[PDB]
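Below you will find one chain, with nothing else, as C-alpha cells; this is the form deposited in one PDB entry, and questions on how it binds or moves follow later.
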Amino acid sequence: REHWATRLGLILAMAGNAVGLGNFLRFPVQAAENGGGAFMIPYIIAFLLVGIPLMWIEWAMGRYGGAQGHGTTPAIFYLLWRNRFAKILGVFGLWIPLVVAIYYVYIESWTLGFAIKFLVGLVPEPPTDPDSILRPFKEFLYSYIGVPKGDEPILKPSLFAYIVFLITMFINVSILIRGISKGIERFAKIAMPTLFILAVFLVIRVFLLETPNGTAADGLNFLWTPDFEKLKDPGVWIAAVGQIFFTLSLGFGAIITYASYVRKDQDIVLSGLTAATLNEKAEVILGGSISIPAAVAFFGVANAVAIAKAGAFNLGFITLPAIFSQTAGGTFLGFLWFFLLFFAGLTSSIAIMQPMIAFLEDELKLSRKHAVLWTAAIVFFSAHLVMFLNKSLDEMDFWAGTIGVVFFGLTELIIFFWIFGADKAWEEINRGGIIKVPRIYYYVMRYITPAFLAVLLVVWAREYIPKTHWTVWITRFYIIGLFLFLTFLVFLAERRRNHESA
C-alpha cells in the first residue's frame, strides 16, 4: 500500500485537503449572514467541541483501516463494527465525497475560467451608481454559467466554461493518477505555499482599501465584534457547525482516506492538530480578511451583509471583482483572487475524489490508473446535471455537503467511540502520537459531542428542513441512484472477497 513520503508532505496534503473554497467563499458569507462576531463565538466553540475531536477520530480510523489495507468507510466501519449495516452506512463515506465532488469540481472550473479571463484582460469595464459597478460583473457571471433567463429552470453554460471544466477535470486527473506521494504530496508542497503567499498579498492590498463608505478596518470590526444576543438562535449554531464540518472536510470520508496512507506508527495527533490549526488560520485570518473587509469598505456594513445574504457567488464572483475593477491593476488583482481560489479548489477536489479512487483500488482491486479514470468519468458525467439544471448544485450541496456531513460525523463518532468502544478508540487515537490528546477530550468525544450533534440534527430536521421547485426531485432521484450504485459496488466487493477467500 502507498504511504505519504514525508511528514511535511503529509501535513500540506491534509491542510491542502481542508483549506479551499470553504475558506474564501463559504465562510465569508456564513459569518456575514449570521452577524459577524455573533457567528464567530459558536463557530469557535464548534471548532473546539466538534472539529478537533472529529479530526482526530477521522485520522485514527483512516490510519487504522489503512494498516489493514482499507482506506474507505464501507470497509473501515465494518472492521470497527462487524455488521452488514456497518457497510451500508459506510457507503455514505463514498456517496458524500462523490456527490460533493460533482459540483465542487465545477465551481473550481469556474474559478479557473475567471482566472484566465482576468489574466488575458477580458473583463467587464464598469463605466457612480453602486449597482452599475456590479451589474456588468453579474452579467459576466450569468453569461459564464448561463443563468436561466426563461421560465424554465435551465442553465446554458458557455462553450469556454465547459472547455475549462474539461481542462480542470484533466488537471485533477493528472494529479491523482500519479498516486499519493508523487501525485498529491508533491503538488500540495507547491500549491500550499503559493496559496499562502497569494492570500497574504491579497489581505494586505485589501487592508489598503478605503472609500467614502468605510475601510477594511470596518469590515474587520464587524466580523470580530461579538454579539451575545444571537447565540440563543439555533440557526447560528447550525450554520457554525455546518461550516466547521465543511471547512475541516469532516464527514466527507476524505480525511479518513488520506489518513489511511499514514504509516501505522506515525503520529496522527500533532499532525491532525496541525492540519486543523492551519485550516483555521486560513479560515478566520485570511479568508475572513478579504471579501468581507473589501465589501464593507466599498458599500458599507449594511450593503455588505445584504450582498452576502444574497449569495456566496455574489461576494466571490461578482462583488469582489467589481470592487477590484475600481482600483489600479484591479484586473490583475482579480486574476490573483481567482488563481488563489483555483488552487485551493484543486487541492480540495483531488482530496474528495481520492476516496472513490481508494475504494476502487482497495476493495475492487482496480489499478490506480483505471480507478482514477473511472472516478473521473463518473464525476464528469454526473456534473452535467449540475451544469444544465438550476438548483441541482444547491440540492447536492445541502444534502451531501451540509446535512450528510453532520449526520456522517455523528455516525462515525458513534461507531468508533461507542460500538467499537471508547477505550479502544482512545488508545487507537493516541498510539504513536508525538503528543497525547488532553484527557478532557476523551469525555468531549464520548459524551458532549454526540449529544451536541444529536440535538443539533433533531432541531435541524424539525424546524429547518421544512424551510421547492419540482426539478429538485430530478436531482434527488439521481443522487439516490448514485447511492444504490455505490451500494451495488460494495456488494460486488464483498462478493469478490469471498471468492478470494475460498
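Each form is matched to the other, and the largest set of C-alpha atoms that superpose within 1.5 Å is called the rigid core. From 1 onward, residues are counted along the sequence shown.
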{"query": "Larger mean CA deviation from the shown form in 7 other deposited structures of this protein [core fit; 211 to 219 vs 426 to 434]", "finding": "211 to 219"}
{"query": "Greater root mean square CA deviation, 475 to 483 compared with 20 to 28 in 7 other deposited structures of this protein, core aligned", "finding": "20 to 28"}
{"query": "At least a third of the other entries leave residue 439 unmodelled", "finding": "no"}
{"query": "Residue 70 not built in a third or more of the other entries", "finding": "no"}
{"query": "Deposited residues lacking coordinates between residue 127 and residue 128 (none, 1 to 3, 4 to 9, 10 or more)", "finding": "1 to 3"}
{"query": "Residues of the deposited sequence left unbuilt between residue 468 and residue 467", "finding": "4 to 9"}
{"query": "Higher-scoring stretch by recorded Cα B factor average, 470 to 478 or 27 to 35", "finding": "27 to 35"}
{"query": "160 to 168 versus 130 to 138 - which carries the larger mean C-alpha B factor in the record", "finding": "130 to 138"}
{"query": "Selection from 363, 265, 394, 280 [criterion: highest C-alpha temperature factor in the record]", "finding": "265"}
{"query": "Most elevated Cα B-factor in the entry, residues 231, 91, 100, 371", "finding": "231"}
{"query": "Position of residue 84 among the chain's modelled residues by C-alpha B-factor, lowest, middle or highest third", "finding": "highest"}
{"query": "Residue 218 - Cα temperature factor, lowest/middle/highest third of chain", "finding": "highest"}
{"query": "Third of the chain, ranked by Cα B-factor, where residue 330 sits", "finding": "middle"}
{"query": "CA B-factor ranking of residue 16, expressed as a third of its chain", "finding": "highest"}
{"query": "Among modelled residues of the same chain, the CA temperature factor third for residue 108", "finding": "lowest"}
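Although not depicted, the form solved in complex with a small molecule is the subject of the following passage.
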{"item": "The single option of 417, 261, 137, 104 touching the small molecule in the deposited complex, heavy atom within 4.5 Å", "value": "104"}
{"item": "133, 273, 312, 223 - the one with a heavy atom within 4.5 Å of the small molecule in the deposited complex", "value": "312"}
{"item": "Residue 393, heavy atom within 4.5 angstroms of the small molecule in the deposited complex", "value": "yes"}
{"item": "Non-hydrogen atom contact residue 397 with the small molecule in the deposited complex at 4.5 angstroms", "value": "yes"}
{"item": "Heavy atom of residue 402 within 4.5 Å of the small molecule in the deposited complex", "value": "yes"}
{"item": "4.5 angstroms heavy atom contact with the small molecule in the deposited complex for residue 26", "value": "yes"}
